[PDB]
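Residue numbers (the deposited numbering), protein chains in the order written: chain e, 4 to 120; chain 3, 2 to 121; chain C, 105 to 156; chain a, 2 to 15, 69 to 148; chain Q, 15 to 72, 80 to 151; chain F, 126 to 250.
Ideal placement from N, C-alpha and C gives every residue a C-beta, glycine not left out.
Accompanying notes for the structure given below.
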Amino acid sequence: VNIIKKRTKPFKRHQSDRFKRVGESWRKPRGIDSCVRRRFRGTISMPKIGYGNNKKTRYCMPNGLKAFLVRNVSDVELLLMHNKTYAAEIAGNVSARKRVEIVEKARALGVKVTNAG
Amino acid sequence: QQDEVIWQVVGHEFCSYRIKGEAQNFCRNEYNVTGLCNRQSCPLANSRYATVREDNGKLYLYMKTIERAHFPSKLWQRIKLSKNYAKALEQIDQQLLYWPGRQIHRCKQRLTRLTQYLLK
Amino acid sequence: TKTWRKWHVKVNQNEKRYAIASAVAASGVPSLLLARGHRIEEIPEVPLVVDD
Amino acid sequence: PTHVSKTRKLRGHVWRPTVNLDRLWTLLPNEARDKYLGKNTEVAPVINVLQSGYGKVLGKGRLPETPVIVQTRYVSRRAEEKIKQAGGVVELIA
Amino acid sequence: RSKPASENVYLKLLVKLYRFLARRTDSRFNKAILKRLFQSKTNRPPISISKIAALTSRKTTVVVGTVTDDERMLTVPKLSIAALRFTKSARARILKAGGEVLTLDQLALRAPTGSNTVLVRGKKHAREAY
Amino acid sequence: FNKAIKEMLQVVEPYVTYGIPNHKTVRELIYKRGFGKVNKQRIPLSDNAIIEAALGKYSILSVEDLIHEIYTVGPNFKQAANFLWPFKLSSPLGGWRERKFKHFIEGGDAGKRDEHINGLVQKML
RNA sequence: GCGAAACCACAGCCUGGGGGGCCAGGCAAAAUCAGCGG
RNA sequence: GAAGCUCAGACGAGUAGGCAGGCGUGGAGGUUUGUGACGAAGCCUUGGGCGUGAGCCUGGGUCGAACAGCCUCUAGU
RNA sequence: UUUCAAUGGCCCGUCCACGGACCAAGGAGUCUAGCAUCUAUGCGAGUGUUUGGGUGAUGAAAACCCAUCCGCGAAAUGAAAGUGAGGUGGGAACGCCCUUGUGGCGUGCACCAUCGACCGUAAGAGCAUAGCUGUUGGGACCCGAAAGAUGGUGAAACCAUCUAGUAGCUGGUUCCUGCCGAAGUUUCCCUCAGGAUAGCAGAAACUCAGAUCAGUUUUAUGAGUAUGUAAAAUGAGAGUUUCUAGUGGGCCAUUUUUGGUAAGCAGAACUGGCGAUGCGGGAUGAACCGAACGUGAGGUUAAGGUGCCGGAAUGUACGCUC
RNA sequence: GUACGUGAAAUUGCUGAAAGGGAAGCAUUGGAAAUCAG
Numbered sequence: 004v005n006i007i008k009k010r011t012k013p014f015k016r017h018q019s020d021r022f023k024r025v026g027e028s029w030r031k032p033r034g035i036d037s038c039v040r041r042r043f044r045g046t047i048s049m050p051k052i053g054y055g056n057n058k059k060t061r062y063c064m065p066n067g068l069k070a071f072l073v074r075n076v077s078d079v080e081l082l083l084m085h086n087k088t089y090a091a092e093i094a095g096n097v098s099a100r101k102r103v104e105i106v107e108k109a110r111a112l113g114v115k116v117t118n119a120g
Numbered sequence: 002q003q004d005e006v007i008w009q010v011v012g013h014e015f016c017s018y019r020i021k022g023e024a025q026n027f028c029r030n031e032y033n034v035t036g037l038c039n040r041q042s043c044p045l046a047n048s049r050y051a052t053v054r055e056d057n058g059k060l061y062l063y064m065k066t067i068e069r070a071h072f073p074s075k076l077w078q079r080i081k082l083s084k085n086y087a088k089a090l091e092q093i094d095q096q097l098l099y100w101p102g103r104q105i106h107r108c109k110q111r112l113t114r115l116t117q118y119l120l121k
Numbered sequence: 105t106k107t108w109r110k111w112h113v114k115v116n117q118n119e120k121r122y123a124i125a126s127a128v129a130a131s132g133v134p135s136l137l138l139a140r141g142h143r144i145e146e147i148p149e150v151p152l153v154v155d156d
Numbered sequence: 002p003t004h005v006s007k008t009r010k011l012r013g014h015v069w070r071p072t073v074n075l076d077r078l079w080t081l082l083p084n085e086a087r088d089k090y091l092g093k094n095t096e097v098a099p100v101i102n103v104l105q106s107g108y109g110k111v112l113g114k115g116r117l118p119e120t121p122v123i124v125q126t127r128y129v130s131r132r133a134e135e136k137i138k139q140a141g142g143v144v145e146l147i148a
Numbered sequence: 015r016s017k018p019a020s021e022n023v024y025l026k027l028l029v030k031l032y033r034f035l036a037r038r039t040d041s042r043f044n045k046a047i048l049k050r051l052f053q054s055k056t057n058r059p060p061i062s063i064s065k066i067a068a069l070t071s072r080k081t082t083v084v085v086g087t088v089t090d091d092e093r094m095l096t097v098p099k100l101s102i103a104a105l106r107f108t109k110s111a112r113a114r115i116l117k118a119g120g121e122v123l124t125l126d127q128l129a130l131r132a133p134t135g136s137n138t139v140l141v142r143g144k145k146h147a148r149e150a151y
Numbered sequence: 126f127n128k129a130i131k132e133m134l135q136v137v138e139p140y141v142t143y144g145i146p147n148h149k150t151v152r153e154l155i156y157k158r159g160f161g162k163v164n165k166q167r168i169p170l171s172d173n174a175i176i177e178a179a180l181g182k183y184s185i186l187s188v189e190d191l192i193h194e195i196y197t198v199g200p201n202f203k204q205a206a207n208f209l210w211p212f213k214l215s216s217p218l219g220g221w222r223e224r225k226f227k228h229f230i231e232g233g234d235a236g237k238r239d240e241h242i243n244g245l246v247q248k249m250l
């Protein structure tokens, strides 16, 4: 089954653009005349549960593999069973010596590495 | 006491073999057959099982029984396979015919990817 | 922060003893030992008794 | 538990003690119950209700029919005759 | 209530056993037992050994909850009880003086459909101030 | 359509249009929009076994028997029509008259329109 | 040459309708200096 | 993973209040044969991926010595 | 990502007014005692070791063990001396049938009742701990008011304390998603502010598979076209006892309506909707016309509309007007 | 490099790109250029 994402653009907090003190992270408004809370025309859209994506295609990359974070080679040995549905992702702090050990091991085990470079 | 009370201790949440991820969990134990925290897989949880692993271009199968399940030194019985891939598939499944055969698929699957690893 | 917080907690002595008996019994299940994290795949038998 | 509190989910939104005859036989040791109750013996037990924490005996319950001596500081009017058909007597403490 | 409020792992085994029996037999005994395993501790009050003795002489006796002891009564009849828990005094009195004590897992082995079993309950008053 | 429904449709006279259905209209509605209230569920009449499992007692077996019991208004009209989930129709193809909320006799589209329901339900399917 | 402070939601063209932000109109060319209304 | 799996149908505004499930923070016990001078933590980026969301993971840059996943305990979160 | 075009979009919080130049860090329902409810754990007519003693060589302020007491419960009642305790109906479950079943038949826990007795008893259910929530008191969610008191230093003022003095009030109160969701008012009590019972909103424990209910109408009326009443249509599973919040404002329009007049009005009773609510149309809009909102695709409508801005006939037909 | 570990934001200077006729900011849909992936 392919992937369809019900929405691509992120959710940005209201007036996040206007102010640097207002973060770019979603907080639900609480004013009783807030046009954003009252969902007027041309206002920003509030996150709802209706936007949730398909269960069979959730936490899936556009190549249909769920990203499993890998710290050492003994974690890649765990993806032995699930090479057809999980993609091994190298942790960002694994040193250069271990990183090549994981990539070579994953190549031998037939486990795709998201950030092999 | 028995397999289900042990299950609700070692299996359900806390083990030394569990890996909980973004939405699910794995099972690191070497003697597993799926890699998942499932009853039909977890030996700490369940009685006699069978699963295979890889050593230096060679395969080995481990088996256990119930009378011996209290003596951990010789609890697992190992058999070494160093002949061929298709032979290994037949050497494994033949020894598990008297055994429930629901997990023969998982066992046979494991040998294939272990063999594929040896080739690659 | 005050020093007359509740630092120590009362427990019924009986459930203290229930806990020990339960944990002693769990010390004699080899499977519970493995999840706890003890590399005892070569231990001769459980409970592992030794000479006096 | 300040992790499970409600402020956590709100971040962002603005001298005569009494004994009765039914309990009377229990004050005596369990061993001598098995050798004084139901056996016709000349020696009768002594149930010193004072030395267990009560000063008065009340009339609740029925009586096993073994004559028994009961030592009390006080006794109900309808307690004492109930032990009379039981064959025992109330012995009053000075 | 779809599950008991207790983290007792042994209780979840009784519920698991009696969730199977509830949907796989027509035994209204099983459905009643499964529902009463869900009820809280306040709704599973204790029954006494004497009261059970009276109720049998007024078949295995089944009570979900505890079976305490009555010291006022002296010579205990022969009884076959099956309860969640037994007080130490009550268990000695039932076992030494006459019959035997059971448990809800054993009772399922005995009478999976609950045939020839009396399902008693204890006075649900607690304090009841007024 | 009885006397206790005369006033039933007079109180909500401006809110409903009602009329006498011919055979074709009753036939199409159940065939294309026929959902039976089964086990408190809106299960479509994909086959006759669904009706029988629900209306077997009233000697109703297939859709046509159910259609016959409806059209002829038989002894089991109440149970059959109660078993029929309220048909969910589409806004009519071509639209209504301009002033839809006036009485039908007055050029609107509310109220008793007699046979013309059979000329409307075709638009509503 | 030296060199501030008040003050600052955002800004700044008018008529009419509901004020500078809305609707419909009139119009609409940078950067600036000087006197000076609201 | 019986806390699972499977079939079906209906419903979706929401203030006061009511109710459950989660995300992040500092420390504690346990665990991961866990990460690290072959570059920890932080920080930055017109780089990528994930989640409806709080948030998370990652490439490159900068940097120099410690840090984290999991089960639980605690709060000057 | 940046820009461009088309359509849309009033500045946020607060109560017009007050706050807001910008940024980083800090920053507010906490600890604790008592009580109440609920859930869990241990035990059970008991229950609670941690005032102490014992013991602990290795983290010895931990863990572990225990004597006598004592707290609460195990009996009440009187002000006090003193005294001091069922059967009928249903009914959960089981058995039993006739042969399914139905029904009958037993059995009857809880509880409900009636109908009975005993002085409240009637075959005891608590005790401890931890958690959640509620409430009362401590600085007591954070900040903030005019005085005062003590003891001083100057020549009434000043200084450090009491002091985090006093709040009925002002301002702020920090993460997400989901579910459910009001009242906006009678009732009374009530010197005073309020207190209420009830209704609306919920959570748990128990009956009948009902002809039990219904913002409905019929049937039968009785009396004066209406009025109330009791007794078929239609839909719906209807119920109950127990507690725990929130609320008791107002605005708009209809009905009569009595009192009114240049004319407004004035007064109730009554009914709705807004109050918690986006959306299309009405150029613009608090009450007007439509319509109640998960996220998207197509189809089709409502009210409103089709000269152009503007999506859609510079349509058809018959007429009036300079 | 002692204005000395890391060196954020506000704030400013230059460089490059872009747009600007009495607002900007944002939203949906696409083009243009830039860039990334599979």
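Cβ of residue i within 9 Å of any chain C Cβ
i	result
residue 44 (chain 3)	yes
residue 51 (chain 3)	no
residue 77 (chain 3)	yes
For residue i, three-class secondary structure by DSSP
i	result
residue 126 (chain C)	helix
residue 82 (chain 3)	strand
residue 19 (chain e)	coil
residue 151 (chain F)	helix
residue 77 (chain 3)	strand
residue 138 (chain a)	helix
residue 62 (chain Q)	strand
residue 55 (chain 3)	strand
residue 215 (chain F)	coil
residue 19 (chain 3)	strand
residue 67 (chain 3)	coil
residue 228 (chain F)	strand
residue 71 (chain Q)	helix
Cβ of residue i within 9 Å of any chain 3 Cβ
i	result
residue 70 (chain e)	yes
residue 117 (chain Q)	no
residue 62 (chain e)	yes
residue 151 (chain Q)	no
residue 17 (chain Q)	no
residue 23 (chain Q)	yes
residue 35 (chain Q)	no
Bridge partners - residue i, DSSP secondary structure assignment
i	result
residue 125 (chain a)	102 (chain a) and 145 (chain a)
residue 15 (chain a)	DSSP lists no partner for residue 15 (chain a).
CB contact check: residue i to chain Q, cutoff 9 Å
i	result
residue 41 (chain 3)	no
residue 115 (chain a)	yes
residue 5 (chain 3)	yes
Closer than 9 Å to chain e by CB, residue i
i	result
residue 23 (chain 3)	yes
residue 114 (chain 3)	yes
Residue-chain proximity (residue i, chain a), Cβ-Cβ < 9 Å
i	result
residue 93 (chain Q)	yes
>> Three or more C-beta pairs under 8 Å: does that hold for the stretch 99-119 of chain e against the stretch 83-91 of chain e?
In response: Flag = yes, the stretch 99-119 of chain e and the stretch 83-91 of chain e touch.
> Mind pulling the beta strand (DSSP E) runs of 3 or more residues that sit fully within the stretch 167-212 of chain F?
Replying inline: DSSP runs (the beta strand (DSSP E)) wholly in the stretch 167-212 of chain F: none.
>> Within 8 Å, do at least three Cβ pairs link the stretch 147-154 of chain C to the stretch 69-88 of chain a?
In response: The stretch 69-88 of chain a vs the stretch 147-154 of chain C: no contact.
> If we count Cβ pairs, one from each stretch, closer than 8 Å, do we get three or more for the stretch 42-55 of chain e versus the stretch 5-19 of chain 3?
Replying inline: As far as the Cβ criterion goes, the stretch 42-55 of chain e does not touch the stretch 5-19 of chain 3, which means the pair count is below three.
> Per the contact definition of three or more C-beta pairs closer than 8 Å, is the stretch 68-77 of chain 3 in contact with the stretch 110-123 of chain C?
Replying inline: In short, these stretches do not touch, since the Cβ pair count stays below three.
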